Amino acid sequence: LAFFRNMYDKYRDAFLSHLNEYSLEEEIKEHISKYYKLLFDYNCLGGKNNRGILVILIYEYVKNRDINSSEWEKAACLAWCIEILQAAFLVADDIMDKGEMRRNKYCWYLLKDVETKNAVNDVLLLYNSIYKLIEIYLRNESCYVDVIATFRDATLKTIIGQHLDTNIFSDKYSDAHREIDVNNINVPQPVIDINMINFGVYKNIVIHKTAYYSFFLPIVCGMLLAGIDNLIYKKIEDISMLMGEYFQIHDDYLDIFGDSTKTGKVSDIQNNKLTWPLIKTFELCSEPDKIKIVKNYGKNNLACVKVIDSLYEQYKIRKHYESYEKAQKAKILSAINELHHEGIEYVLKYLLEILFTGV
């Protein structure tokens, strides 16, 4: 954990050293290293590092065995690669959702020395840096191809979850009969589609957007590098899905019922997002309140968000979350005990306890 955090610079400078080998004039090289050192530092440092720590712990507990410094160097590489992946996702998400704060600092894209134009380019650099690092440190491992495929496949699932989260209430999803007009370049007003306000659709989004890169990818990383393919991978796939759902519902809860100075970020109601509080309120509310939701949800105006916010207090959404949290935490524990692997079971139970705080 403290070891993992200390290995950071080794991986950052290994990648910066690779760019430094490029055939460029010495002055250009120094500007590049100044820019990219800050890109990594600013966006890779500051989170709970749950995904990174999950690799390290799964690598150690897959089997009780001797692990040399060189083997740990490969494990802390994969651990930092998932943090770089989280860093790329967060920069991209903030551009896309027009974010203000992340990890108690300004969104990288808002910086006037950066802007959207560099941030778009920087998402791809951070994303490609992962595969450069896995090559530098795992080039000769037999799990190499399987590890790169795991990153590639989790990323693809996240891109699809991101697409669904962005477009679930869009005109092209509500008007399936009409093709996308490639001649219309006017601005779209976003409104909810009640046919999509259901937990079935929610799970489809949340599993793809969070479960695969936050839980499946780090666990499979630790296991592939340890040397294990086996029927346990499907069992860990199912647990990852349940943990992803659990993690995202809490993230939704935090968005409306959390302090920005504690979470590090200020938007779901204004951004017209399909959230768990929205689905819960909709199943529990009266017909006039349903129409009141449709009229005020997805609007940048503070008086419209207050209407939604007041309705969340009215239908005591915080208490329903508390009841969901206990029902799901218990459900995941049950699935973990059906694993029949004491090592992984220990890590997953520990991860489940430390999820919302980190460490």
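Numbers for residues come from their place in the sequence shown, where the first is 1. In this text, the rigid core denotes the largest set of C-alpha atoms whose superposition between the two forms falls within 1.5 Å.
- Choosing between 32-40 and 297-305, the greater Cα displacement from the shown form in 8 other deposited structures of this protein, fitted by the core, goes with 297-305.
- Across the other entries compared, at least a third leave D175 without coordinates even though the residues on each side are present.
- For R65, the fraction of other compared entries lacking coordinates, among those that model flanking residues, reaches at least a third.
- Unmodelled residues of the deposited sequence between neighbouring positions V182 and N183 number none; the chain is continuous.
- The entry shows a gap from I228 to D229, with 1 to 3 unmodelled residues of the deposited sequence in between.
- The mean C-alpha temperature factor is higher for 229-237 when 161-169 and 229-237 are set side by side.
- When the mean C-alpha temperature factors of 32-40 and 63-71 are read from the deposited coordinates, 63-71 comes out higher.
- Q189: CA B factor lies in the highest third for its chain, per the PDB record.
- For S23, the recorded CA temperature factor ranks within the lowest third of the chain's modelled residues.
- The deposited CA B-factor of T116 belongs to the lowest third of values across its chain.
- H341: CA B factor in the highest third of modelled residues in this chain (values from the PDB entry).
- Among the modelled residues of its chain, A14 has a C-alpha B-factor that falls in the lowest third, as given in the PDB entry.
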